[PDB]
Every structure is written in structure tokens, then in C-alpha cells.
Amino acid sequence: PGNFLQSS
Amino acid sequence: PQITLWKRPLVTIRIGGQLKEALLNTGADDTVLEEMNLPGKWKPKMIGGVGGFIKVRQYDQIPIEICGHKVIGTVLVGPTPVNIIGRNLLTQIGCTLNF
Amino acid sequence: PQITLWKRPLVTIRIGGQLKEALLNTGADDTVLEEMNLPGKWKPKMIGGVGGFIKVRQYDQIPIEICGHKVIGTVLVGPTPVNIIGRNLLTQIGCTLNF
């Protein structure tokens, strides 16, 4: 990993 | 431009006649777009994030236009919840994080 | 500072007596730290990313020092692969993306 997009 | 972070830093990109909305993402090594068709050969890849891994197709040397900047690099395609512009392309447009 | 993106934008943060490495992440709405035992109440929460969703604990009004800036805000705690500083705290240090 990578790709640490994060949303709520 | 200078882009503030009050809201998600979303920009429109152009990839061979298609417009897409994408997130400028300093937390992503790579650029990943939602499922779509692209020409040429590809190979499977696993990429990880919060919540685990996903399988993507890896396409190399794809030209993309991002905020008036014409760049070329690897584009991954698969089930990301949002289109992501990662460091591989952010470095090409000269992007820095400033404070 | 002006942080380039050839490498992952990792910084040291201080939260109480603990020093941690964390990723400055414009692709994250919120700040998420690896499992730890913070004081005070917390609400469970679900967050989504590239591989799906994880469950975290939400703590509010937590002080953290990041690159010599003292910030106070919401911190999520859970099984994140890397400690993440999201836009909620990036805005408190005055971060922008520039190109």
C-alpha cells in the first residue's frame, strides 16, 4: 500500500 | 495555482477525449481511475489503501491533461471509490505541499 | 516548508508523550492514527478508502504537534496501514497544494 484515499 | 484544503482538492482531467473529476492525492503513490476502457496492453496489479487491497489493470505511458499540464505516465484502472491523481503525476506538474 | 512529492511526504508528529511518523495526505478528509489508547470519550465510526471500509474510534479536540505547529482537533484511531494527517489538520497548519 499504496493509495491512502480516505473519506467519511 | 494554490489549492486550499477546506474541501477535497478535486480537478477535472482529460484523458483522450474523456473528462473525469479526480482528487489530487499526496497520500497516493500512483494514479488510479475508476473502471474504463483504455488502449494497449496492460497487466494486473494489486494496490493497497485504507481497507485493504484491490485488483487494478496497469497501463503505461498514458497521456493526461491536468489543470492545463500535459503529462505522461502510468494509469491504474479499477474499483477505486474516487479517481485519484497520485505522486507519479503530481511530481510532473511540479506540485508541492506548502505551509 | 515546501514539500516535494518524489518520496512519500512523511513527517514526525508528537501526540502526548508519543512520537510517530505520519503521512501528509490531501486525499484524506480526516486524520487517522494506528491503534492507541487516547483519553476521553469516543464515538465509533466507519471510514472508506481504496480497499473498502474500516472501523475507527473518533476522539475530539486532541492536541498534536506537526512540523512545529500545534493543532487541536478530531483524531480517528484504528487499523490504518499508515498514520495519516488529513485535511482537517492540514488546514490547521495552513497547508496548500501549489503548482
# chains A, B, ... in the order shown; residues from 1 in each chain; ligands from 1

$ residues_around --residues "residue 68 (chain B)" --least-positions-apart "4" --cutoff "12 Å" --atoms "only C-alpha atoms" --output "list in words"
residues 1, 11, 12, 13, 14, 64 and 93 of chain B; 99 of chain C

$ interface_residues --of "chain C" --to "chain B" --cutoff "7 Å" --atoms "only C-alpha atoms" --output "JSON, numbers by chain"
{"C": [1, 2, 3, 4, 5, 6, 23, 24, 25, 26, 27, 48, 49, 50, 51, 52, 53, 54, 80, 81, 87, 91, 93, 94, 95, 96, 97, 98, 99]}

$ interface_residues --of "chain A" --to "chain C" --cutoff "6 Å" --atoms "only C-alpha atoms" --output "mmCIF file with N, CA and C atoms, in the first residue's frame"
data_model
loop_
_atom_site.group_PDB
_atom_site.id
_atom_site.type_symbol
_atom_site.label_atom_id
_atom_site.label_comp_id
_atom_site.auth_asym_id
_atom_site.auth_seq_id
_atom_site.Cartn_x
_atom_site.Cartn_y
_atom_site.Cartn_z
ATOM 1 N N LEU A 5 -6.228 7.257 -0.089
ATOM 2 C CA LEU A 5 -7.538 7.884 -0.063
ATOM 3 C C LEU A 5 -8.293 7.553 1.224
ATOM 4 N N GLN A 6 -8.939 8.561 1.741
ATOM 5 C CA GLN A 6 -9.814 8.326 2.881
ATOM 6 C C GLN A 6 -10.971 9.323 2.961
ATOM 7 N N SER A 7 -12.120 8.780 3.293
ATOM 8 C CA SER A 7 -13.338 9.549 3.424
ATOM 9 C C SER A 7 -14.218 9.048 4.574
ATOM 10 N N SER A 8 -15.065 9.946 5.079
ATOM 11 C CA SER A 8 -16.155 9.585 5.990
ATOM 12 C C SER A 8 -17.499 9.900 5.335
#

$ decode --residues "chain A" --atoms "N, CA, C and O atoms" --output "mmCIF file, in the first residue's frame"
data_model
loop_
_atom_site.group_PDB
_atom_site.id
_atom_site.type_symbol
_atom_site.label_atom_id
_atom_site.label_comp_id
_atom_site.auth_asym_id
_atom_site.auth_seq_id
_atom_site.Cartn_x
_atom_site.Cartn_y
_atom_site.Cartn_z
ATOM 1 N N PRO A 1 0.837 -1.206 0.000
ATOM 2 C CA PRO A 1 0.000 0.000 0.000
ATOM 3 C C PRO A 1 0.875 1.262 0.000
ATOM 4 O O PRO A 1 1.729 1.346 0.859
ATOM 5 N N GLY A 2 0.726 2.253 -0.880
ATOM 6 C CA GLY A 2 -0.253 2.382 -1.902
ATOM 7 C C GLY A 2 -0.913 3.762 -1.866
ATOM 8 O O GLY A 2 -0.315 4.856 -2.027
ATOM 9 N N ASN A 3 -2.183 3.697 -1.632
ATOM 10 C CA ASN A 3 -3.032 4.712 -2.098
ATOM 11 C C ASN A 3 -4.006 5.052 -0.947
ATOM 12 O O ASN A 3 -5.090 4.476 -0.745
ATOM 13 N N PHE A 4 -3.618 6.030 -0.171
ATOM 14 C CA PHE A 4 -4.321 6.281 1.067
ATOM 15 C C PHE A 4 -5.461 7.272 0.998
ATOM 16 O O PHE A 4 -5.637 8.083 1.933
ATOM 17 N N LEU A 5 -6.228 7.257 -0.089
ATOM 18 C CA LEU A 5 -7.538 7.884 -0.063
ATOM 19 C C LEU A 5 -8.293 7.553 1.224
ATOM 20 O O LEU A 5 -8.343 6.395 1.730
ATOM 21 N N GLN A 6 -8.939 8.561 1.741
ATOM 22 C CA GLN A 6 -9.814 8.326 2.881
ATOM 23 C C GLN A 6 -10.971 9.323 2.961
ATOM 24 O O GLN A 6 -10.830 10.546 2.742
ATOM 25 N N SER A 7 -12.120 8.780 3.293
ATOM 26 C CA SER A 7 -13.338 9.549 3.424
ATOM 27 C C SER A 7 -14.218 9.048 4.574
ATOM 28 O O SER A 7 -14.146 7.880 4.977
ATOM 29 N N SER A 8 -15.065 9.946 5.079
ATOM 30 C CA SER A 8 -16.155 9.585 5.990
ATOM 31 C C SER A 8 -17.499 9.900 5.335
ATOM 32 O O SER A 8 -17.553 10.622 4.339
#
